[PDB]
Amino acid sequence: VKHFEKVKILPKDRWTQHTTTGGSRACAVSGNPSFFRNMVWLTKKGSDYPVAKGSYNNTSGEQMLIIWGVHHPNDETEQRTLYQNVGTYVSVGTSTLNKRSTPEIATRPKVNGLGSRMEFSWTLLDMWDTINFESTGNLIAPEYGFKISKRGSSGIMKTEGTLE
Amino acid sequence: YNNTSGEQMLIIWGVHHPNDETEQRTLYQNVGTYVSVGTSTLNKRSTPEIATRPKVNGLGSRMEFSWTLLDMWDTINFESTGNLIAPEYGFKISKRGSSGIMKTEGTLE
Amino acid sequence: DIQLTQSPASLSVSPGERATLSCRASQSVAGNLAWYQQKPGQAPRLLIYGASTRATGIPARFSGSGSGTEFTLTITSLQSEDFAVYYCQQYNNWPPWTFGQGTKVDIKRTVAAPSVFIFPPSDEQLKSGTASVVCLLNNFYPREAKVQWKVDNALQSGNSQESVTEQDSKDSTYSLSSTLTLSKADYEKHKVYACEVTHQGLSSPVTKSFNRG
Amino acid sequence: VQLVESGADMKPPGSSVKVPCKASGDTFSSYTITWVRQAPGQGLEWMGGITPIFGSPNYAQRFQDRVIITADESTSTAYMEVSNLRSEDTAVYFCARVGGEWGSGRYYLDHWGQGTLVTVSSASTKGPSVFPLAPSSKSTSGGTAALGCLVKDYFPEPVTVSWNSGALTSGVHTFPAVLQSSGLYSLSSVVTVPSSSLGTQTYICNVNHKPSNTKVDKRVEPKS
Ligand SMILES: *[C@@H]1O[C@H](CO)[C@@H](O[C@@H]2O[C@H](CO)[C@@H](O)[C@H](O)[C@H]2NC(C)=O)[C@H](O)[C@H]1NC(C)=O
Ligand SMILES: *[C@@H]1O[C@H](CO)[C@@H](O[C@@H]2O[C@H](CO)[C@@H](O)[C@H](O)[C@H]2NC(C)=O)[C@H](O)[C@H]1NC(C)=O
C-alpha cells in the first residue's frame, strides 16, 4: 500500500435500538469474554430486533476497504434468543455492490467449542460513494473502515524472524 | 461421520431439483426443504429448485452433486428436510503430486 | 411443542436389582437428551448429557443410552442415595427446556395392603364453625393408591386434601391421610360420610363409613 | 461452581418478590443463568433465562409478562422478580447454569442453586388449634386401633408433635404439613395402638409451635 489509515465509520454507540455488547470466551481478553475489536455484534434489545440500518458516505479522499460479517447459528435456539426472529437477512449495497446473505442454521463440528460460524465479506467503497447496511438479524457490523492507496502490488513472505 | 481411516477422505453428496411441485410433494412430503452439510472448514446449504426443464433421459428434474475433502479426525454433518442424495461411501486419498488426463481410445501395454 | 413422557411413573426396584428407566419423545430430539437426579428436599443433580456421556463427579453405575424418540437410563447396582426422582430434558426443538414429568424410584418389598381408618369431626371443632372428616390409610406398598369421598352416597369434588409420608426407615412402607372439610352446617345437612380405597386387598374396594350421630 | 441464592421467602398475594442468584467460582458471565420452578409435588418448569453480555432475557409462554429477569454483572448476581403474586405461585425457584456459550449446542443445565421457597400467604404468626381424632368402632381393625391429632390453622412452619411426652414412638406417623386456601398450614399425627389399651392408657399429643410460643397438650378420649 501507499497509504493505509484506519478510520471510524459506524460508531459502536450509534445503535440505540440494538445490543452492541456481546461476544464469547473463544475470543477472550484478560480471561473475560470479548469479540473482534473493529466489529460490532448486533443482538436484540428489549426482546425485539427491529430492522437495523446503517450508511456511510465516503469522504476521506481515498478508496476505503470495508469488512462485514454474518452469523451462521448452530441451532434455532441461539437464533431465537439472540436475534429474536428466524428467516432473517443481511443486505449490503453500494453503487457497484448488491449482496444479500441469509443465516444458515445447522449443526456443525465444534471449533473452539462453537458449532456456529461467522462468515465475513469485504468491499472497496469508492470516493463520494455511500454504503448501505440493512439487516433483520445476524449482521456483524464494521465499526471501522480502511483508507487505501496502491501504486502497485507485491507479495507475502514467510521467514520467522528479525526485520533489520 | 467422524473420520478415522488415517487419511484424508473425499466425500460426495447431491441434492434433487424437481421438475414440478407434484414430485416434490409425493417424494419428500414437504416444500421449502433444505440440504445442509457442515464440517470444520465447510458450511454449505442448498435448496431444492423446482422448475420445468427440457427432458434429458426423459426427466425434467436434475441432480446436482457437490464434494469435499474431510480431514483426519474431523466430523461431517448432513442435515436435510428433503431432496438430499446421501453418500454411502467415502474415499481415502493421498497425493505426492498431481498429473493429467489422456484421451487415447485403446490398449494399455 | 415437544412432548416428553416417562414410563413408568413409579419404579419399584430392590437395592442391586438393576433399575432401568425410560424417556420417550413425540418427535426426534436426536442425540441431545439429559438426565437429572433430584433427591427429596434438594436441587437436581446433573447425571447424563448427550444421552450417553455422563457429567463430572458422577459414579459409573449410571449409564445413558438411546437416540431419536426412545432413550434409556441404567443403574447397575443401586445404592442408598439412588432412591429419588429422575427427569429427562430434551434440547433440540425451541424451547430446549421442556421437561418430563419424572419417574420416582422406591424400595421394592412385599405387597402391603393398607389398614383403612376413618374419623368423624370433633364436637370441639364443630363449635368453631368448620368440620374436618379424616380418612387414613396405614402401612401400604407401593405408594400408588386412590381415595374416593362419598357423602350421603354422593361423590365429592374439590374439597379433599392429601398428605403422604416418605418410605419408612424400618419396614419401608407408606402412610397416607385424606381430609375432607365442610362447614358445620353443611356437615349437619348430611347423614352418611364415606371414603373408599383402591390399592390392593381382595383387589378393591374396601370402604369405611359412619352415620352422623 | 456454586450458584448460591436466598432461601425461605414469605410474601402476601398481590406483592412482589425478587429472588437473587449469586455466582461463585469462575465467573464467565457469558454463560446463561436459567430460572426453573417446581410447585410442591409437581415437576420442573422453565420460567426464562438471561445471558448478561447479550442482555434482553427470555421468558416461557406461561411466565411471560408475569415475571421479569435482570442481572448485575458487577455483583455477579441474577434476579428473578415475580410481580403480583398469587396463592398458586407458591413454589421453589431454582437458578441453574447451562453448558453455556450460544452456538455450542450443549444446553443442558450443569450447575444449580439450593433453591428458594416462596410461600405466598397473607397470614402472620398463628398458633395451631388441636383437635382429637378419636378411636372408635371404625378406627379399630382387629387387634390394632388407631387414633390421632389434627393440628389445624397455624403459621408458619415448623411444628413439632410428640405423643405422651416422647414415651410413645412406635406406630407414630406425623404427616407432612399442607398449605391451605387460607394460606394456613395444617397436618395430622396418627398412632396405632393395641385396641385394648383404650380405657387404661391415656393418650396425649404434645404440639409445639415456637413462632407463636404456644405449647398445647391435647388428650384424646375414645368414643362409642
Ligand atoms: C456524499 O458526500 C459527498 C460530499 O462529501 C456529496 O457530494 C456532493 O454533493 C453535493 C450535494 O448535491 C454537491 O453539491 C457536490 O457537488 C458534491 N460533491 C462532490 C463529491 O463533487 C454526495 O452527494 C454525498 N452522497 C449522498 C447523496 O449521500
Ligand atoms: C473423532 O474421533 C477421534 C478419534 O478417532 C477423536 O479424537 C480423540 O478424542 C478423544 C476424546 O476427547 C481424545 O482423548 C483423543 O486425544 C483424540 N484423538 C486424537 C485424534 O488425537 C475425536 O474427538 C472425535 N471427534 C468427535 C468429537 O466426534
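Residues numbered from 1 in each chain as written, not as in the entry; some residues may be left out. Chains lettered and ligands numbered in written order. Part of a larger assembly, values for the part shown. Heavy atoms only, no water.

### Structural notes on the overall build of chain C
To keep it simple, the criterion reads: Secondary structure is summarised from DSSP: a helix means a run of H or I of at least four residues, a strand means a run of E of at least two, and numbering begins at the N terminus for each. Restricting the calculation to C-alpha atoms gives the radius of gyration, and the globule rule supplies 2.2 Å times the number of residues raised to the power 0.38. Partly exposed residues are those whose accessible area sits between 20% and 50% of the maximum for their type, while under 20% is buried and over 50% is exposed, using a 1.4 Å probe and protein chains only. By the convention used here, residues are in contact when the closest approach between their heavy atoms is within 4.5 Å. Computed by Shrake-Rupley with a 1.4 Å probe, the accessible areas treat only the displayed protein chains as cover when residues are assessed.
On a plain count of helices and strands, chain C comes out with two helices and 18 strands. Computed over its C-alpha atoms, the radius of gyration of chain C comes to 22 Å, more than 25% above the 17 Å expected for a compact globule of 213 residues. Every one of the 213 residues in chain C was classed for burial, and the buried ones make up 45%. Contacts in chain C between residues far apart in sequence, at least 24 positions, make up 57% of those at least 6 positions apart. Of the roughly 9,800 Å² of accessible surface on chain C, a fraction of 46% belongs to carbon and sulfur atoms.

### Some remarks on the packing of aromatic side chains
Going by this rule: Put simply, two rings from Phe, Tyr or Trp (the six-membered ring, in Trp's case) pair if the centres are within 6.5 Å, and we call them stacked under 30 degrees between planes, edge-to-face over 60, tilted for the rest.
All told, the structure shown has 23 aromatic pairs over all chains when counted by the stated rule. Their ring planes at 90 degrees and their centres at 5.7 Å tell us that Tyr36 of chain C and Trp112 of chain D sit as a pair that is edge-to-face. Highlighted residues: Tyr36 of chain C in strand β5 (residues 33-38) and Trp112 of chain D in the loop between β10 (109-111) and β11 (117-120), drawn from two different chains. Each member of the pair, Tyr36 of chain C together with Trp112 of chain D, is buried.

### Some remarks on the side chain of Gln125 of chain C
Topologically, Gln125 of chain C is positioned in helix α1 (residues 123-126). If near-sequence neighbours (up to four positions away) are discounted, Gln125 of chain C is found in contact with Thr130, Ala131 and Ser132 of chain C together with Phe131 and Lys152 of chain D.

### With respect to empty space enclosed by the protein
Residues and elements named next belong to chain D. Put simply, the test is: A 1.4 Å probe that fits but cannot get out identifies a cavity on a 1 Å grid over protein atoms alone, an open set with protein on both sides within 12 Å along at least five of seven lines counts as a pocket, and a residue lines either if it has an atom within 4 Å of a point. Grid points are joined across faces, edges and corners, and a volume is the space filled by probe spheres set on the points. Each residue is assigned to one class: nonpolar for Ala, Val, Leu, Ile, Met, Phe, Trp, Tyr, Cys and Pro, charged for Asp, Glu, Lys and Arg, and polar for all the others, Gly among them.
This structure, assessed with the given rule, holds five cavities of 30 Å³ or more. Here the largest cavity defines a volume of roughly 190 Å³. In terms of lining, the largest cavity is formed by 20 residues, of which the most central are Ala23, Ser29, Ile33, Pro52 and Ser76. Every element with two or more residues in the lining of the largest cavity is listed here: β3 (17-24), β7 (67-72) and β8 (77-82). Ranked by residues supplied to the lining of the largest cavity, first place goes to β3 with three residues. When the residues that make up the lining of the largest cavity are grouped by side-chain class, the tally is 10 nonpolar, six polar and four charged.

### As for the pattern of salt bridges
Pairing of side chains with opposite charge becomes possible as their charged atoms draw close. Applied cut-off: Within this document, salt bridges are pairs made up of a side-chain nitrogen of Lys or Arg and a carboxyl oxygen of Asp or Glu, the two lying within 4 Å of each other.
In total, this model carries 19 salt bridges over all chains according to the counting rule given. Between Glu70 of chain C and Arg24 of chain C there is a salt bridge whose closest N-O contact spans 3.3 Å. Taken together, the residues span a long stretch of sequence, with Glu70 of chain C in strand β8 (residues 70-75) and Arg24 of chain C in strand β4 (residues 23-25) at a distance of 46 residues. Between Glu221 of chain D and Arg219 of chain D there is a salt bridge, and its shortest N-O distance comes to 3.9 Å. What you see here is one network of salt bridges that share partners, running through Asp168, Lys170 and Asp171 of chain C.

### So, the interface of chain B and chain A
Selection criterion: Accessible area, probed at 1.4 Å, shrinks when two parts are joined; the buried area is that loss added up over both. Nitrogen and oxygen atoms within 3.5 Å of one another constitute a polar contact, given that in protein one can donate a hydrogen and the other can accept it, and given that sequence-neighbouring residues count only through two side-chain atoms.
At the interface, 11 residues of chain B touch eight residues of chain A. Of the roughly 780 Å² buried where chain B meets chain A, counting both sides, 44% is carbon and sulfur surface. Taken together, the links from chain B to chain A amount to zero salt bridges. Between the two partners, chain B and chain A, sit four residue pairs in polar contact.

### Quick look at the site of ligand 2
Residues and elements named next belong to chain B. The following threshold applies: Note on terminology: near, applied to a residue and a molecule or strand, indicates that one of the residue's heavy atoms is within 4 Å of it.
Ligand 2 sits among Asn2, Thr4, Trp73 and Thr75. Between ligand 2 and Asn2, the relevant distance is 2.4 Å, taken from an oxygen atom to a side-chain nitrogen or oxygen of the residue. Protein coverage of the free-state accessible area of ligand 2, which is 580 Å², stands at 26%.

### A look at unusual backbone geometry
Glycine aside, a negative phi is what most residues show, and trans is what most peptide bonds show. Residues and elements named next belong to chain C. The step from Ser7 to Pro8 runs through a cis peptide bond, and the omega angle for that step is 5 degrees. Residue placement: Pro8 occurs in the loop between β1 (4-6) and β2 (10-13). Look at the link from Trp94 to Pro95: it is a cis peptide, with omega at 0 degrees. Mapped onto the fold, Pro95 is located in the loop between β9 (85-90) and β10 (103-107).

### Focus on the arrangement of the chains
Counting contacts across all four pairs of chains that touch, the top-ranked interface belongs to chains C and D. Contact between chain B and chain D is absent, and the minimum C-alpha spacing across the pair is 14 Å.

### Re the site of ligand 1
Residues in contact with ligand 1, as listed here, are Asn57, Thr59, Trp128 and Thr130 of chain A. In terms of residue class, the shell around ligand 1 is built from one nonpolar, three polar and no charged.

### Description of helix α1 (residues 21-28) of chain B
All names here are of chain B. Stated precisely, the cut-off is as follows: Our arc is simply the arc of the directions from the helix axis toward the C-beta atoms.
Every buried residue belonging to α1 is among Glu23, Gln24 and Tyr28, and all of these are buried. Buried residues of α1 fall within an arc of 105 degrees about the axis and therefore sit on the same side. Exposed and facing more than 90 degrees away from the buried side of α1 are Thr22 and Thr26. Against β1 (8-17) lie the buried residues of α1. Positive backbone phi, at 65 degrees, marks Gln29, one or two positions downstream of α1.

### So, the environment of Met127 of chain A
Residues and elements named next belong to chain A. Along the chain, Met127 falls in the loop between β9 (117-125) and β10 (130-135). On the accessibility criterion, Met127 (41% relative accessible area) is partly exposed. In this structure the C-alpha to C-alpha distance between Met127 and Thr81, which are 46 residues apart in sequence, comes to 39 Å. Ignoring anything within four residues of it in the chain, the contact list for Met127 reads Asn58, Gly61, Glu62 and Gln63.

### A closer look at the sheet that holds β7 of chain D
Residue and element names in this part refer to chain D. For the record, the criterion: Here the rule is simple: two strands pair whenever DSSP picks up at least two bridges between them. For helices, the fitted line uses only the C-alpha atoms of the stretch in contact; every axis is such a line through C-alpha atoms, and the angle between N-to-C directions lies from 0 to 180 degrees.
Pairing is antiparallel in the open sheet, where four strands are placed in the order β1-β3-β8-β7. A single partner strand is all that each edge strand has here, and the edge strands are β1 (2-5) and β7. Each strand axis lies, on average, 20 degrees off the axis of its neighbour in the sheet, ignoring direction. With four bridges joining them, β1 and β3 adopt antiparallel strand pairing. Paired with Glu5 across the strands is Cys21, a residue of β3.

### Some details on the domain arrangement of chain C
Interfaces are frequently sized by the accessible area removed from exposure as the parts join. All names here are of chain C. Applied cut-off: For the domain bounds, the source is a domain assignment made automatically or taken from a database.
Parsing chain C into structural domains produces domain 1 (1-109) and domain 2 (110-213). Spacing between the C-alpha centres of domain 1 and domain 2 amounts to 34 Å. The interface is formed by six residues belonging to domain 1 together with 10 residues belonging to domain 2. The largest share of the area that domain 1 buries against domain 2 comes from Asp106, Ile107 and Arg109, three residues that together contribute 78% of it. Where domain 1 touches domain 2, the interface holds zero salt bridges. For the pair domain 1 and domain 2, the interface holds seven residue pairs in polar contact. The residue inventory of the side of domain 1 that touches domain 2, partitioned by class, reads two nonpolar, one polar and three charged.

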